[PDB]
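Protein chains in written order, with my numbering: chain A, -10 to 225; chain B, 215 to 449; chain C, -10 to 225; chain D, 95 to 326. Each residue gets a CB set at the ideal place from its N, CA and C atoms; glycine is no exception. Each remark here refers to the structure printed beneath this line.
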Amino acid sequence: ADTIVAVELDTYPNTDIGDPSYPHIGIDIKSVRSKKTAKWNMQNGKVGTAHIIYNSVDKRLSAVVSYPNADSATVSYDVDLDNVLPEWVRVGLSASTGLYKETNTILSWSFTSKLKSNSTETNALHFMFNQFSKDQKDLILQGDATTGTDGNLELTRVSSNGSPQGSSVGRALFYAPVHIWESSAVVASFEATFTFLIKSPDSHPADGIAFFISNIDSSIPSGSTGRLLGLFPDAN
Amino acid sequence: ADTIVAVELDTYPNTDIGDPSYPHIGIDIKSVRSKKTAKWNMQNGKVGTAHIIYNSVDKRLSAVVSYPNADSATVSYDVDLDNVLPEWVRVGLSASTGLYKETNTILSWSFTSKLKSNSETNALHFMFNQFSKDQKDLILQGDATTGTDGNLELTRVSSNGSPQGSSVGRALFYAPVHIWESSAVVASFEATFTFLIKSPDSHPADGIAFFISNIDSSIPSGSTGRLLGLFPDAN
Amino acid sequence: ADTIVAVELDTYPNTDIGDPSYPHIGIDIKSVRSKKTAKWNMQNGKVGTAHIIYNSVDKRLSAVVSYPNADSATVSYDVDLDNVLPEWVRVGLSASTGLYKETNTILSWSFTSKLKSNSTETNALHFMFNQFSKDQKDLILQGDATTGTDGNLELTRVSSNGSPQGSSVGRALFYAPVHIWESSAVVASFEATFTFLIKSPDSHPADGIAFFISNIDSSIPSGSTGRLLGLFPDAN
Amino acid sequence: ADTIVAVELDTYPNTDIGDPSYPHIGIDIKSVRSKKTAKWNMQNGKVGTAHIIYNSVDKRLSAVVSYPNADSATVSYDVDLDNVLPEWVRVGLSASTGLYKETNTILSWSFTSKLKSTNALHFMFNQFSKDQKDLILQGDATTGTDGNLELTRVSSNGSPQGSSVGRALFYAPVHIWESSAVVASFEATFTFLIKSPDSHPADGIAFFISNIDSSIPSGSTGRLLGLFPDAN
Ligand SMILES: OC[C@H]1O[C@H](O)[C@@H](O)[C@@H](O)[C@@H]1O
Ligand SMILES: OC[C@H]1O[C@H](O)[C@@H](O)[C@@H](O)[C@@H]1O
Ligand SMILES: OC[C@H]1O[C@H](O)[C@@H](O)[C@@H](O)[C@@H]1O
Ligand SMILES: OC[C@H]1O[C@H](O)[C@@H](O)[C@@H](O)[C@@H]1O
Ligand SMILES: [Ca+2]
Ligand SMILES: [Ca+2]
Ligand SMILES: [Ca+2]
Ligand SMILES: [Ca+2]
Ligand SMILES: [Mn+2]
Ligand SMILES: [Mn+2]
Ligand SMILES: [Mn+2]
Ligand SMILES: [Mn+2]
């Protein structure tokens, strides 16, 4: 039912559904089987940054994921979002765990979209969260996601002692719908940035974090824990 | 009831409910009887601009309204919004007509809010220079509609732009806004909109307001005319 | 001897130096002979818009030029600016006329650059001109460029009665140097937008407007009227 | 001489030229003798933030200085900058030391100005490099060490020295007011680390707005903060 475009930070290689044999970033267009991936050296316990950009001139979705003093990882894919997404969307973050686990902690998240009409003048939306509060009324929290423990967004369940739980799935969507494309626009673009902390006691953490864009009424597909990243109902 | 804070552009003197004898701008804190007003030379048929600022340092809410090549009107009122509004609000525009009438056309509308923690900033900004027929980031209430020439019409207008009496409508931004937090070192907002008030009448009525409300605010029952879509009565 | 990267709005086809036989937009990298071009239906007497973008992830310099209710012209070219420009640059607008002529009037100009450090996070510069004044001290005006007349920037000479003059050249550069790239940045980007009015009595108008980026001490090359667009010392 | 309007973070009380008897923040309008001050609990060794705003509606110049999990200090003064500053200005930061000393380290600095007839300028430094070509450095100020702006002299290990004055001005002139603007405004933010082995730190950091061609006045170390030719 939902229509999803996402950039995945995939910490667990599910080779049975197309993952390369290593932690990786990917661009997902209506499937969890990424259209493109790059290798990613997830650093356990350290704060990373994801920057995701798209513009309607190049029609190229790109992401860079990095840690301080490390080489970054980057992935790109040409896709016309006009032919994939509805013109109005919501944007969000998603994460899951499975039989393996990890914290999926968001420390900050920002987003900007702009749409300039062919007839006219620009419409714009920007938000910035550098801290999250206990009752963050501009976020739609879905599943296991919580805010206001450390000023952070915990996308998946963490116990009292700080231990991440398995088989957890959670999402945060920005409250306002976003006009992501319009035929009568000369230029359209967005960017999203978040910082994250993925920690695990395991030697294999799972399953990852994504930034996504979806139909406004999107909900966690039932059973989308583990390798499905709270994003898809199946591995097709 | 709702909790409202507004800047009104009040085109019709209702001197029986404490309006001054002339079109004016005002600052409304939980009442249509403005805490402070200034005289406003409304120009029928011209596009004007309204600008509103508040910051938690001065705890002063100010507004300026102007037209090109004319002197502006300004009003300011000291108020601590921490003690008036809930922590989370929605922001909007409202307009009304009564026996007399006018177009309440919004050509653009922008808003920025920032909150700096006491242990970095959170911000929200939006900018509308065009409105579309299905503008899913706006809550439209009452008679407000979008899309005619890319404008937001707050109150009823016919197919050729002629305004109608007894109309009230509002447009709210979809996302709630964190307007204050006692743990913030500084909080500020700013709103700007451009508007076109035109009337065939000798006296146009009733005005446009920028407002901040409880998240779940709706037009109060009966609040056409002098009540500007904001308040349940004239107290 | 200057180092120039530019987007040209070329109104005059100089086919003897590689222009296509039509008004066009182009990407110039250290040469007036554009590395890539697209056809451009320049509309005499109408206010156009130019929008230029670059980011360090895609390393793609792109431009879209349009008029209300017309289809737009777009051009893109892969180039790694780190290997072209100095680390610090100035940005500007340039125009010329030759034996044929046109007004090269700029009505607005805005620019934003950002540089996020590998170690830290982000430095930014933004400027916006929606009107120009008689003594616009944050602009360096070169040659025939003037400000103030109608709140506009006139890049090339216009006479007392509004007639554009032949054999003119002038530029406007933003006063502050811009840090455009940095080896230790995780991501870098800029955008520029300007609106322009190109008007001519001439059967064929000439010669064009560019947005350019240069060494900070850049000056108009002597003799760079006409096809050289105030940018280059020769047609190489 | 120069025309200055500044917000001082004054860490040393010069009671002989009219400082109150404690660390304070002040609004200085063409004199080092603040038009208004507020007490300020400087916390030696901690990173602090200063925020400065002005808008042409209220025509009030205000500032807040604070540290995390401590009360803030605020000061305000009604002034028509139209009548004080030239139309075009530079904006900067200044600091000084004297007989007593302190680090005058700047970790970030941002600035935004707008004029509606909107024209706008914004810059943000969250890191300073060894060769920061969009800054004019004056006197002792340096950039690059740990990615910070050191306004006054410090040794290789970070020990501050006496008798130091330095400033950093943003390269581009700013159109701070225009008589035919409906609304004009600005905002400045910086974060700073004032640390000192002394039991008495001195002398302070200021954000200032000046004539375009403004330079450190001769002699203006110590209590004069790099801004003023004398204490009048
Ligand atoms: O968490 C690791 C792994 O665990 C299980 O095998 C499933 O829940 C997968 O979907 C998941 O990727
Ligand atoms: O519209 C003008 C005026 O008309 C009537 O007198 C009433 O409906 C008022 O509420 C309104 O202010
Ligand atoms: O101006 C049109 C044309 O005129 C002359 O031939 C020269 O000055 C050329 O450089 C220019 O392109
Ligand atoms: O540094 C503290 C103090 O030291 C000396 O007494 C002088 O240089 C003053 O100008 C300064 O305020
Ligand atoms: Ca996986
Ligand atoms: Ca009234
Ligand atoms: Ca040519
Ligand atoms: Ca002092
Ligand atoms: Mn994967
Ligand atoms: Mn009133
Ligand atoms: Mn060419
Ligand atoms: Mn003092």
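*Under a criterion of Cβ closer than 5 Å to any non-hydrogen atom of ligand 8, which residues qualify, in chain order?*
D:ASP104, D:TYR106, D:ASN108, D:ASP113 and D:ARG317
Check: Looking only at DSSP bridge pairs, what is C:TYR66 linked to?
Finding: For the purposes of this step, residue 66 of chain C is taken as residue 77 along the third sequence, with counting starting at 1. The partner list for C:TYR66 (beta bridge, DSSP) reads C:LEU50.
So the beta strand (DSSP E) A:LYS28 belongs to, where does it begin and stop? Position 39 of the first sequence holds residue 28 of chain A. From DSSP, the beta strand (DSSP E) with A:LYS28 extends over 25 to 28.
Margin query: Quick check: what's the CA-CA separation for B:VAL219 versus B:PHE425?
Written below: As a working mapping, residue 219 of chain B is identified with position 5 in the second sequence. As a working mapping, residue 425 of chain B is identified with position 211 in the second sequence. Using only the alpha carbons, I get a separation of about 6 Å.
Is it the case that the CB of C:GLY212 approaches a heavy atom of ligand 7 more closely than 7 Å?
Position 223 of the third sequence, counting from 1, holds the residue named residue 212 of chain C. No, the Cβ of C:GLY212 stays beyond 7 Å of every heavy atom of ligand 7.
With a cut-off of 8 Å, do at least 3 Cβ pairs link the segment 102 to 119 of chain A to the segment 195 to 214 of chain A? no
Check: Which value, in whole angstroms, describes the spacing of the CA atoms of B:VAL289 and C:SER173?
Finding: By 1-based counting over the second sequence, the position of residue 289 of chain B is 75. By 1-based counting over the third sequence, the position of residue 173 of chain C is 184. Cα to Cα, B:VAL289 sits roughly 49 Å from C:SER173.
What residue range is occupied by the uninterrupted beta strand (DSSP E) comprising B:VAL371?
-> Reading the second sequence from its first residue, position 157 is the one you call residue 371 of chain B. Note, B:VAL371: premise wrong, no beta strand (DSSP E); not H, not E.
Report task. Below 8 Å on the Cβ atoms is my guess for D:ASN149 versus D:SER279; work out the distance and round it to an integer in Å. Result -> Position 55 of the fourth sequence, counting from 1, holds the residue named residue 149 of chain D. Position 185 of the fourth sequence, counting from 1, holds the residue named residue 279 of chain D. That pair is a contact at about 4 Å.
**Prompt:** Would you say D:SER128 reaches chain C, if we count a Cβ-Cβ gap shorter than 8 Å as a contact?
**Reply:** Here residue 128 of chain D refers to the residue found at position 34 of the fourth sequence. So no, D:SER128 is outside the interface.
Give the residues from the segment 52 to 75 of chain A that approach chain B closer than 8 Å (Cβ to any Cβ), ordered along the chain.
-> none
Original post:
Does the beta carbon of A:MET31 sit closer than 8 Å to a beta carbon anywhere in chain B?
Top reply: Position 42 of the first sequence, counted from the first residue, corresponds to residue 31 of chain A. Judged by the 8 Å Cβ criterion, A:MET31 is not in contact with chain B.
Meets three-Cβ-pair contact criterion under 8 Å: the segment 43 to 57 of chain C and the segment 82 to 95 of chain C:
no
From B:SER381 to B:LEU366, what does the alpha carbon distance come to, in whole angstroms? Translated into positions along the second sequence, residue 381 of chain B becomes position 167. Translated into positions along the second sequence, residue 366 of chain B becomes position 152. Roughly 14 Å between the two C-alpha positions.
- Query: Nearest to C:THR136 by CA position, among C:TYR56, C:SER23 and C:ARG160, is which residue?
  - Reply: Against the third sequence, residue 136 of chain C aligns to sequence position 147. Ranking C:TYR56, C:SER23 and C:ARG160 by Cα distance to C:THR136 puts C:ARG160 first.
Looking only at DSSP bridge pairs, what is A:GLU110 linked to? As a first step, residue 110 of chain A is located in the first sequence; it is residue number 121 there, counting from the start. BP columns for A:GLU110 are empty, so no partner.
**Item:** Cα-Cα separation, D:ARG317 to D:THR197
**Value:** What you label residue 317 of chain D is simply residue 223 of the fourth sequence in a count that begins at 1. What you label residue 197 of chain D is simply residue 103 of the fourth sequence in a count that begins at 1. C-alpha separation (whole angstroms): 15 Å.
Query raised in the report: Would you say A:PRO194 and A:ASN30 are within 8 Å of each other, going by their C-beta atoms?
Result: By one-based count along the first sequence, residue 194 of chain A stands at place 205. By one-based count along the first sequence, residue 30 of chain A stands at place 41. Not closer than 8 Å, so no.
task: For C:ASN44, decide whether its Cβ has a neighbour in chain D, counting only Cβ atoms nearer than 8 Å.
output: For the purposes of this step, residue 44 of chain C is taken as residue 55 along the third sequence, with counting starting at 1. No, C:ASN44 lies away from the interface with chain D (no Cβ there is under 8 Å from its Cβ).
- Query: Cα separation between D:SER125 and D:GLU181?
  - Reply: Translated into positions along the fourth sequence, residue 125 of chain D becomes position 31. Translated into positions along the fourth sequence, residue 181 of chain D becomes position 87. So the two alpha carbons sit approximately 20 Å from each other.
message: Would you say the beta carbon of residue 284 of chain A is closer than 7 Å to some non-hydrogen atom of ligand 1?
response: The first residue shown for chain A is -10 and the last is 225, placing residue 284 of chain A beyond what the model contains.
Self-check item: Outcome for A:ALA(-10) when other beta-carbon atoms lying within 10 angstroms are tallied against a minimum of 16
Solution: For the purposes of this step, residue -10 of chain A is taken as the residue at position 1 of the first sequence. A:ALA(-10) comes out exposed.
Q.
Give me the chain B residues within the contact set of A:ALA113, using Cβ-Cβ distance strictly less than 8 Å, ordered along the chain.
A. Here the question's residue 113 of chain A lines up with position 124 in the first sequence. Those are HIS339, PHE340 and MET341, listed as they occur along chain B.
message: I need the DSSP call for B:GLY443, collapsed to helix, strand or coil.
response: Stepping through the second sequence from its first residue, residue 443 of chain B is reached at position 229. Three-state DSSP puts B:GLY443 in coil, outside helix and strand.
### Distance cut-off 7 Å: B:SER235 Cβ against heavy atoms of ligand 10
Mapped onto the second sequence, residue 235 of chain B falls at position 21. Every heavy atom of ligand 10 is 7 Å or more from the Cβ of B:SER235, so no.
Kindly indicate if chain D contains any beta-carbon less than 8 Å away from that of C:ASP127. For the purposes of this step, residue 127 of chain C is taken as the residue at position 138 of the third sequence. For C:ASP127, the answer is yes, since a Cβ of chain D falls inside 8 Å of its Cβ.
| query | B:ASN336: buried (16+ other C-beta within 10 angstroms of its C-beta) or exposed? | reply | Within the second sequence, numbered from 1, the residue matching residue 336 of chain B stands at position 122. Buried.
Original post:
If you draw a straight line from the C-alpha of D:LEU201 to the C-alpha of D:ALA144, how long is it?
Top reply: Here residue 201 of chain D corresponds to residue number 107 of the fourth sequence, with the count starting at 1. Here residue 144 of chain D corresponds to residue number 50 of the fourth sequence, with the count starting at 1. Spanning the two alpha carbons is a distance of roughly 12 Å.
>> Is there a Cβ of chain A sitting closer than 8 Å to that of B:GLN378, yes or no?
In response: Taking the second sequence and counting its residues from 1, one reaches residue 378 of chain B at position 164. Not one chain A Cβ lies under 8 Å of B:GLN378.
### Message
Using a Cβ-Cβ distance cut-off of 8 Å, determine whether C:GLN120 contacts chain D.
### Response
On the third sequence, position 131 is the one that residue 120 of chain C refers to. Yes, contact with chain D.
Q. At a CB-CB cut-off below 7 Å, which residues of chain B make contact with D:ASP104?
A. Counted from its first residue, the fourth sequence places residue 104 of chain D at position 10. Near D:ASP104 there are no residues of chain B at all, since even the closest Cβ is about 19 Å away, more than 7 Å.
| task | Could you tell me whether any non-hydrogen atom of ligand 1 is closer than 7 Å to the CB of B:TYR268? | result | For the purposes of this step, residue 268 of chain B is identified with residue 54 of the second sequence, where counting begins at 1. No, ligand 1 has no heavy atom inside 7 Å of this Cβ.
State yes or no: is the C-beta of A:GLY15 nearer than 7 Å to some heavy atom of ligand 9? Mapped onto the first sequence, residue 15 of chain A falls at position 26. Yes, ligand 9 has a heavy atom inside 7 Å of this Cβ.
- Query: Under the rule that 16 or more other beta-carbon atoms within 10 Å means buried, what is A:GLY132, buried or exposed?
  - Reply: Numbered from 1 along the first sequence, position 143 holds the residue referred to as residue 132 of chain A. Classification of A:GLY132: buried, given that the 10 Å Cβ count is 16 or more.
Using only CA atoms, which one of D:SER223, D:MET218, D:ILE147 and D:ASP110 lies nearest to D:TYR171?
Locating residue 171 of chain D in the fourth sequence gives position 77, where the first residue counts as 1. Among D:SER223, D:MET218, D:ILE147 and D:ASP110, the Cα nearest to that of D:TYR171 is on D:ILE147.
*heavy atom of ligand 12 below 7 Å from D:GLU196 C-beta*: In the fourth sequence, the residue the question calls residue 196 of chain D occupies position 102. D:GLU196: no, Cβ never under 7 Å from ligand 12.
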